[PDB]
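Below, each chain spelled out in residue letters.
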Amino acid sequence: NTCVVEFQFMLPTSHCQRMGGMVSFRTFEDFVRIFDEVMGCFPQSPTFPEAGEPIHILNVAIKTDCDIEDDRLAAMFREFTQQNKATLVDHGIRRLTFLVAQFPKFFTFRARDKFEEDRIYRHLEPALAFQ
Amino acid sequence: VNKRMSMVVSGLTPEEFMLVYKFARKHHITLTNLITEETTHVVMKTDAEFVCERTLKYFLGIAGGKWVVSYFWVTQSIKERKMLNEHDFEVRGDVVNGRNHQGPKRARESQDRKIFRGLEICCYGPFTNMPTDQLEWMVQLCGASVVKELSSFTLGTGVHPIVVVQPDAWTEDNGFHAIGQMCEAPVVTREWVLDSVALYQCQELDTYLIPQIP
Amino acid sequence: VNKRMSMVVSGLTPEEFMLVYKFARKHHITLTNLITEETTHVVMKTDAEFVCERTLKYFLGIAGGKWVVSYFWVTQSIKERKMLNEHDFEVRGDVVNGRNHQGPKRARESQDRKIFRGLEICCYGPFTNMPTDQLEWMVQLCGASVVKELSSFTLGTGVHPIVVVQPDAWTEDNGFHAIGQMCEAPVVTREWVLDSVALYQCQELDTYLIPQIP
């Protein structure tokens, strides 16, 4: 029940490396049951190269095309972060952005080490917000 | 030297074993395929009410007083991104011998009064789904003195010899009904031991006694 | 009791590990995820010429003189439904230290003369991808005497002290250049040990010597 893309990038003087995961889903509910593969690949035994920190991005696509009720909306969405701050416990996650579709309405909850959710960046993805 | 963490699993599909291995993988926890004295935790596949199947590792786990926990403890610590407490998911029983017989639980907390302490058990081959030497380890773990051959039975009033057979494994012969003529010991099916082990309480032989020929 | 067959696997992706767990179960073979003194067999992921990758378990396998065989013995048994001879699948080398250096083979055949018997090696934390106590177990299995702290070094003409560090593991700090001021001993990288263990032959320190600051 989980569709995964992997992210891989680095800092261009934004503020070295980290990975990410985006998964596209129908309802936010289905995610938290479909939780367990996102945390599955967070893999391969340790290697020993030659002789001689939150690092996960998370964006979730959601549907059910709801409307104005940002309070009841994001509050429900928010208490997923506050119920499992475990995300922070699993070697920390940089960002949890919730994306609800119809342009996509973002519900950005970023807690790399932080409070769950940032208010300036709601309705926008902070990589593109840099513009 | 101190003991290390060590889990074994039972009743899992292949895809499911990797999840326990993955749990063991993250925290370098020992995970074996044969249950031994070095094995410390036994992970059982259960339903929502922490009721499991009867496997070789379940019985052998009880005999050794090892931590017998439900497989749902593993999925939940990963599922919730925390390191939850194993004890909340301990299995309480099975679908044959009772829904709350607390066999595994009593065995861990009662290793000082093993159910077969002071009993002499002969593991009478052949066996299916359970090696003879593993059943011997089981009764060994339960305080019984293992007797390898019928002539080695102790003769005495204070000794309690018991011949344990599995009627199911025999198909060519009815020989298990004649041991009582050859020795002084009750003859019961292996399920008496397994049930006694499954419950960790020495059951009364009455329902499991095997008829002898006078 | 005599020792039994007991395997660990190394360098396998999760999907490959699942094939071995099913394999070990049918013939009641012990299969663990952590390598110990009781472990007798080490199953390595290799190429077609029995040349493998460098993992934590590969080195530890050689140090203990355990049977080191290739992962391909399992894959071959399904195609032909036989249990072919493992010795035919002994790993011959690795992609770093040589394609035919026979490290594992010599280790089995040289358990009476371990290469670091009578040497004092100091395993200097911290480490990544390898627990400190496991490398200590590694050099212990190869006959070295572990010295926990620099002041605890044995002082004598017959003693050869060595401080082992991993320059890669330090971040924030340049500490591997200051050991010469802390003790009277050559300082070499952990990779010298790792190469020595992988080959089971004491390598020349020259290329691995770590520059000190006077």
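Residues numbered from 1 in each chain as written, not as in the entry; some residues may be left out. Chains lettered and ligands numbered in written order. Part of a larger assembly, values for the part shown. Heavy atoms only, no water. Residues with missing side-chain atoms left out of burial classes, pairs and counts.

Method of structure determination, per the deposited record: cryo-EM was used for this entry, reaching 5.9 Å resolution.

1. Topic: the sheet that holds strand β1 (residues 6-10) of chain B
Residue and element names in this part refer to chain B. Note the threshold: Strand pairing is assigned whenever DSSP detects at least two bridges linking the two strands. What counts as a helix is a DSSP run of H or I of at least four residues, what counts as a strand is a run of E of at least two, and both are numbered from the N terminus. Residue contacts are defined here by distance: any two heavy atoms, one from each residue, within 4.5 Å place the two residues in contact. To get an axis, fit a line to the C-alpha atoms, keeping to the stretch in contact for a helix; angles then go from 0 to 180 degrees between the N-to-C directions.
Ordered by their spatial adjacency, four strands build an open sheet running β2-β1-β3-β5, and the pairing between neighbours is parallel. With one partner strand each, in any of the chains shown, β2 (30-31) and β5 (67-70) form the two edges of the open sheet. Direction of pairing for strand β3 (residues 41-44) relative to β5: parallel, over a ladder of four bridges. Counterpart to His41 in the pairing with β5 is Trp67. Of the strands in this sheet, β1, β3 and β5 are in contact with helix α2 (residues 56-63), which crosses β3 at around 145°.

2. Points about the side chain of B:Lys57
As a reminder of what qualifies: Note on exposure labels: buried denotes an accessible area under 20% of the residue type's maximum, exposed denotes more than 50%, and partly exposed covers the range between, all computed with a 1.4 Å probe on protein chains only. Under this rule, positive means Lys or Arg and negative means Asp or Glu; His and the chain ends count for nothing. What counts as a salt bridge is simple: a side-chain nitrogen of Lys or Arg found within 4 Å of a carboxyl oxygen of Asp or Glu.
Note that B:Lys57 resides in helix α2. Salt bridges are absent for the buried B:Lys57, whose nearest opposite-charge side chain, B:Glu16, sits at 13 Å. Setting aside its immediate chain neighbours within four residues, B:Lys57 contacts B:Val9, B:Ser10, B:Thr32, B:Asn33, B:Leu34, B:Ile35, B:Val42, C:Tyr21 and C:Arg25.

3. With respect to the relation of the copies chain B and chain C
Note the following rule: Overlaid copies: least-squares superposition on C-alpha atoms.
Relative to chain C, chain B is turned by 179° and slid 0.1 Å along the rotation axis, the superposed coordinates differing by an RMSD of 0.9 Å. Expressed as an axis order, the relation between the two copies is that of a two-fold axis. For chain B, the smallest separation between a C-alpha atom and the rotation axis is recorded for B:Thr32, amounting to 2.2 Å. Same-surface contact between copies: 76% of interface residues of chain B are shared with the interface of chain C.

4. Comments concerning the packing of α2(B) against helix α7 (residues 190-199) of chain B
All names here are of chain B. We apply this condition: Oblique is the label for any angle not under 35 degrees, not over 145, and not in the 65 to 115 range, which are roughly parallel, roughly antiparallel and roughly perpendicular in turn. Left-handed describes a crossing whose near helix is turned anticlockwise from the far helix through less than a right angle; right-handed describes the clockwise counterpart. Here the nonpolar group is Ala, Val, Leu, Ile, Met, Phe, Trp, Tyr, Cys and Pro; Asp, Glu, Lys and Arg are the charged ones; every other residue, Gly included, is treated as polar.
Contact geometry of α2 with α7 gives a least axis separation of 8 Å together with a crossing angle of 60°. Put simply, α2 runs oblique to α7. Along this stretch, α2 crosses α7, giving a crossing that reads as left-handed. Contacts between α2 and α7 involve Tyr58, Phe59 and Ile62 from the first element and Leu194, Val197 and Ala198 from the second. Considered class by class, the residues forming the contact of α2 with α7 number six nonpolar, no polar and no charged.

5. A closer look at the interface of chain B and chain A
Inclusion rule: Buried surface area refers to the total accessible area, computed with a probe of radius 1.4 Å, that the two partners give up upon joining, counted for both partners together. Under this definition, polar contacts are N or O atom pairs within 3.5 Å; protein pairs additionally need one hydrogen-donor-capable and one acceptor-capable atom, and for neighbouring residues in sequence, both atoms have to be side-chain atoms.
Between chain B and chain A, the contact holds seven residues from the first and 16 residues from the second. For the pair chain B and chain A, the summed buried surface comes to about 1,000 Å²; carbon and sulfur atoms form 45% of the total. When the area that chain B buries against chain A is broken down by residue, the three leading residues are B:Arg25, B:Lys79 and B:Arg81, summing to 69%. Put simply, chain B and chain A have three salt bridges between them. For the pair chain B and chain A, the number of links is one residue pair in polar contact. Elements represented by at least two residues in the side of chain B that touches chain A include exactly α1 (14-26) and α3 (72-79) of chain B. Taken together, the residues that form the side of chain B that touches chain A break down as one nonpolar, no polar and six charged.

6. Some remarks on the nonpolar core
What counts here: The set of buried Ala, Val, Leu, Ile, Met, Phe, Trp, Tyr and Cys residues whose side-chain atoms join them within 4.5 Å is what this entry labels a nonpolar core.
Counting 38 residues, the largest nonpolar core has C:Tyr58, C:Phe59, C:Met130, C:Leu135 and C:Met138 as the members making the most contacts within it. Of all elements in the fold, only β3 (41-44), α2 (56-63), β7 (120-123), α5 (132-141), β9 (161-165) and α7 (190-199) of chain C reach the threshold of two or more residues within this core. In terms of residue count, α2(C) provides more of this core than any other element does, six residues in total. The residues contacting C:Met138, other than those within four sequence positions of it, are C:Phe59, C:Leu60, C:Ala63, C:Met130 and C:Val197. Formed by 37 residues, the second largest nonpolar core is a distinct cluster that contains B:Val8, B:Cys52, B:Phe59 and B:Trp192.

7. Focus: the pairing of β3(C)
Residue and element names in this part refer to chain C. Where burial is concerned, the two faces of β3 agree: the one with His41 and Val43 and the one with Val42 and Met44 are both buried. Sheet analysis places strand β1 (residues 6-10) next to β3, joined by four bridges and oriented parallel. For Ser10, the partnering residue across the bridge sits in β3 and is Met44.

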